[PDB]
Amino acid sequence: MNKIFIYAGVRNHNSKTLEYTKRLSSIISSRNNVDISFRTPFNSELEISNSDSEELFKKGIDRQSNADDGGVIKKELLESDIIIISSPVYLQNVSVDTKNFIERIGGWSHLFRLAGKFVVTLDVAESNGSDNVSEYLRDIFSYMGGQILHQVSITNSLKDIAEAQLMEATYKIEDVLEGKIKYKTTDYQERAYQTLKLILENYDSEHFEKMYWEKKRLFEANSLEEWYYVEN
């Protein structure tokens, strides 16, 4: 059955971002039959990332996931068809917890584990101020392989269109639930794929990322999109 994973990087219990994220979830579940896993720092524990690049990419070792909810969160992410990530926009950047969520899955940076998944982002600002949060979330999740289905940026100054914005996001999601949209890569993703291929190909046979690419047959494919449909 259609599975949606939602993570809201919120720490303020009176969070407006949380309110809008719950509203979006409610709209989706009321109109469609789907399995939603809604996670936040209030119902999940993700210790602050303390990984080392060397061990992480070279050996693929995660010293924290088996200590908190990192393991279950990663599992739900991979099992999901649609991923919704929401973050407050405080001081023109993502929240501490949103950055932590991203760092905790940083070990997947060069593995395209989100390929085939549709990502919807929601960022909420209480004073606007021209930020590039939506662009940042787009870059991170697309580089990880996800297709950026839709992005919603809400502002308190334009809170009157928030409802319309959430309904629009729901419409985009329904297209996926109804099978009207299929996973397609962007040029940004294909270039990242070709770039990583050349680099990893030269790595040692014992390198974790290289072994992963060989096991998943990422080297043989002609493109990331082809790889997804031909072998995945």
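Numbers follow the displayed sequence, beginning with 1.
Asker: Identify the stretch, either 186 to 194 or 58 to 66, whose C-alpha atoms have the larger mean B-factor according to the entry.
Answerer: The recorded data point to 58 to 66.
Asker: Read off the CA B-factors in the entry, average them over 198 to 206 and over 173 to 181, and name the higher stretch.
Answerer: It is 198 to 206.
Asker: Highest CA temperature factor in the entry: which of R138, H110, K117, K159?
Answerer: Out of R138, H110, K117, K159, the record gives the largest C-alpha B-factor to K159.
Asker: Which of these has the highest Cα B-factor in the record: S127, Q92, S87, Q147?
Answerer: Result of the comparison over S127, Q92, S87, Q147: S127.
Asker: Can you tell me which third, lowest, middle or highest, the CA B-factor of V34 falls into for its chain?
Answerer: Answer is highest: the recorded C-alpha B-factor places it there.
Asker: Report the third (lowest, middle or highest) to which the CA temperature factor of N50 belongs, ranking only the modelled residues of the same chain.
Answerer: For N50, whose C-alpha B-factor we compare with every modelled residue in the chain, the answer is the middle third.
Asker: Ranking every modelled residue in this chain by its Cα temperature factor as given in the entry, which third contains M1?
Answerer: Highest third, going by the recorded CA B-factors of the chain.
Asker: Would the CA B-factor of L224 place it in the lowest, middle or highest third of its chain?
Answerer: CA B-factor rank for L224: middle third.
Asker: Going by the entry, which third of its chain does the Cα temperature factor of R104 land in?
Answerer: For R104, whose C-alpha B-factor we compare with every modelled residue in the chain, the answer is the lowest third.
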